[PDB]
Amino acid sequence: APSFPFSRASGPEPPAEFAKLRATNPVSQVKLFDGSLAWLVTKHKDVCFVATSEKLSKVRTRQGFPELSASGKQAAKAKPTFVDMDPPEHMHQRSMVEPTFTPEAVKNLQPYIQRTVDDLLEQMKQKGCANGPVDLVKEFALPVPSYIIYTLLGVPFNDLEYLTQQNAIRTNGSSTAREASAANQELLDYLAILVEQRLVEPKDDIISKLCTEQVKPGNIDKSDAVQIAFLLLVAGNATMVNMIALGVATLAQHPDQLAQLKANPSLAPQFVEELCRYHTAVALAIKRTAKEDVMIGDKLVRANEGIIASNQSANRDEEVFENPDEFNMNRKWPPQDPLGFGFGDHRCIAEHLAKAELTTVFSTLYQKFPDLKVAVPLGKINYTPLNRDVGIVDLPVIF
């Protein structure tokens, strides 16, 4: 049994092991950091099964849960939020914050998302690049998702820049454990204050709705509200940043596709669809423990055994997506759902918001800067370490 998680084959590539497993051993055992074994599922159909089976659990206090690191094992000791819950607890808490993320709500949020993107791009243009390239991540990919989620949560305008930087520090690869932790605890402290304030004078934001609708009636306590708000912030921000950066890098790698997008920004939705399939930046979230014996393919997963269903591998499943390793924004989509946002009950709560942010970015970025170019050879892109989910640390650009 090989050690898992695997390392990416290269900066922009997924681990090389998956393709081989899908072809000769779709459901197999892998060895985790603590020496325990877990079942690795690599085929689309099997990943979908794992994501929806009622015989599988997300509760991390169950022995056998596939924690992939020492930190994950310690983090599993805290009171859980809906991300680590099973029915009926799961939807009971998730439904407390779903309103802002529904397809209808996101459609109505479009003008705000567009203004946020327009403002950040204008700021970038005014700063210019007359003295050399600027970091697309720091100047654009980071603030876009950050400002939006912070604003939706309830953070006032003047606090956005500092809070955006602090949240970045908690996941920055250059941060020391001490710094990441400090930033983490600081964001929690700040959210605690916001909850106290919104409890007194509610405004029109997520935190206020949690206070008025859940805390006051006694459905949850203040700390619960803080943790729910915290989850909404840290769950997908870093991923959004990385997806925007990867999108720009990808377009640079395939000139004709960029030419097509520039000539027709209406193709942004399909470009985003392909991006979320090709670059599965959240590939280690579909994990479970078997509550009872369950058969998957030619294997029997016994009660209390862990399972990791790779949506990354599923998105490269040749049986579902023709020429899976080819990035094609004009891809002819099959009836099967690509799995960039998961599947089943737990499917990303912000899938629609995320897609809206990405679509707004890629339908506007090259209209603003038609000559935007990465200022370093593409082969020198600074990607996240290979033993981590795919992403980009910084991206020098000129325009």
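We number the residues from 1 along the sequence you see.
Q: Should the higher mean CA B-factor in the entry be assigned to 329-337 or to 347-355?
A: Of 347-355 and 329-337, the stretch with the higher C-alpha B-factor average is 329-337.
Q: Looking at the deposited entry, does 204-212 or 75-83 carry the larger mean Cα B-factor?
A: The stretch with the larger mean CA B-factor is 75-83.
Q: Go through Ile148, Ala283, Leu233, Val134 one by one and give the residue whose Cα B-factor in the PDB entry is largest.
A: Highest C-alpha B-factor among the listed options: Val134.
Q: Looking at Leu56, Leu372, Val361, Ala70, which one carries the largest C-alpha B-factor according to the PDB entry?
A: Among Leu56, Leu372, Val361, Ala70, the highest C-alpha B-factor in the entry belongs to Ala70.
Q: Pull the Cα B-factor of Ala1 out of the PDB entry and bin it into the chain's lowest, middle or highest third.
A: Its C-alpha B-factor belongs to the highest third of this chain's values.
Q: Quick check for you: using the entry's CA B-factors within this chain, is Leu395 in the lowest, middle or highest third?
A: Middle third.
Q: Among the modelled residues of this chain, does the Cα B factor of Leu32 put it in the lowest, middle or highest third?
A: Middle third of the chain for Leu32's C-alpha B-factor.
Q: Ranking the modelled residues of this chain by C-alpha B-factor as given in the entry, is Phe101 in the lowest, middle or highest third?
A: Middle third of the chain for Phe101's C-alpha B-factor.
Q: When the modelled residues of the chain are sorted by Cα temperature factor, does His279 land in the lowest, middle or highest third?
A: According to the entry, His279 has a C-alpha B-factor in the chain's lowest third.
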